[PDB]
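Okay, so here's just one chain, in structure tokens, the form deposited in one PDB entry.
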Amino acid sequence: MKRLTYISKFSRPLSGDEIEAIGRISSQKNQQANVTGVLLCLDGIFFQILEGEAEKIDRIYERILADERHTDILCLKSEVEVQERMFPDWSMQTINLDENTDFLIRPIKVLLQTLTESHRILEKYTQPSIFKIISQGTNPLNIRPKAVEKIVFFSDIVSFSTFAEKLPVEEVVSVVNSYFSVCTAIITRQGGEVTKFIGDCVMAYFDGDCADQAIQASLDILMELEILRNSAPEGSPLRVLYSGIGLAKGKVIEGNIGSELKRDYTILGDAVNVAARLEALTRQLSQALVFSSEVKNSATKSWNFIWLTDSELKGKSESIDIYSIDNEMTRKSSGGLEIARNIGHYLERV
């Protein structure tokens, strides 16, 4: 069996009437599916626990997920090896704690609410990989480190120091956050994971066999930034926001890395260094996207690869052959590196 626990926020106000109706109808379909559980509500927050066959639960939650009456849906716990149910008598019991006024339920009310709003704060500071792991039914703290092949992605803002010199601090942060939101959205939809931000740089990774997705994500980021630049208001700093991107492939260690009190679930490896160093060369090479021979050969799609150079760095005392893709978008983005060499004037008249 599978028991699932999630929380969510009302998309819009709901009345006790509407709440019960959701419950009453939940209880119905749940009876029909031998799934049981409890649904609570407290000041515009839903808490629900469901249990039943993995097959069934997954489909219910697929509908619950697509329901527009709540949002910010977060699975706190997925137990995918349950052999006994916790709420056998309740197909779907509803407990509206707002309406409740009981002696002991009152202090617990103020507790749940404080606990929930604190959890919601921590969520905003938490790697996306962690919640994914949790929803796969795994406690991320118990994952042991492993060697794995990854494609590593590194990208940063071209001439970022000029932004930081010229703009008000609120503007600088707005620009970086816009950049990060664009990269993160595209990378995530393409099956990758954004694992760290450092300065104005994004570090991300894809499964080792997913070079075509790494490359497509990268091209989509360039395309999206192009839309963002040419759609931005007159005088906006966004009109001169350009990216450089570097991709590398290698065996890295994945796992919980950090101090006692603070860890990240992330990767450690030479491919990370190589990706970052490739990305640094975007300027010298006048190419907005640059990647290693290994990424190129590992890709299966018929991209228009162009060989750029043979270069060195580090370490293994070896020269690495460096590629890009030749198309209208990469040419426009690569011309963008030139444009971004002199944006100080533009930026200081905002």
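From 1 onward, residues are counted along the sequence shown. Each form is matched to the other, and the largest set of C-alpha atoms that superpose within 1.5 Å is called the rigid core.
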query: Unmodelled in at least a third of other entries of this protein, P13; finding: no
query: Gap at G23 across at least one third of the other PDB entries; finding: no
query: Between the two ranges 196-204 and 231-239, the one averaging a larger CA B factor in the entry; finding: 231-239
query: Higher-B stretch (mean Cα B-factor, as the entry records it), 124-132 or 172-180; finding: 124-132
query: Top Cα B factor in the deposited entry, candidates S324, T282, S298, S26; finding: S26
query: Most elevated Cα B-factor in the entry, residues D72, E79, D156, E149; finding: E79
query: Position of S218 among the chain's modelled residues by C-alpha B-factor, lowest, middle or highest third; finding: lowest
query: Lowest, middle or highest third - CA B-factor, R106; finding: highest
query: Chain third (lowest, middle, highest) by recorded CA B-factor, residue given as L313; finding: highest
query: Third assignment of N256 from its chain's C-alpha B-factors; finding: lowest
query: Ranked against its chain, the third holding the CA B-factor of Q113; finding: middle
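Keep in mind that the form deposited in another entry is missing from the display, and what follows is about it.
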| property | result |
| --- | --- |
| Sole residue of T195, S78, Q190, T184 shifting 2 angstroms or more in CA between the shown form and the other one, core aligned | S78 |
| Is_shifted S118 between the shown form and the other one (CA, 2 Å cut-off, rigid core) | no |
| C-alpha of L97 moved at least 2 Å between the shown form and the other one on rigid core | yes |
| Threshold 2 Å Cα movement between the shown form and the other one for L50, core superposed | yes |
| Residue pair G208, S317 - Cα distance in the other entry, closer or farther (3 Å or more) | closer |
| Distance trend in the other entry - C-alpha atoms of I121 and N96, change of 3 Å or more | closer |
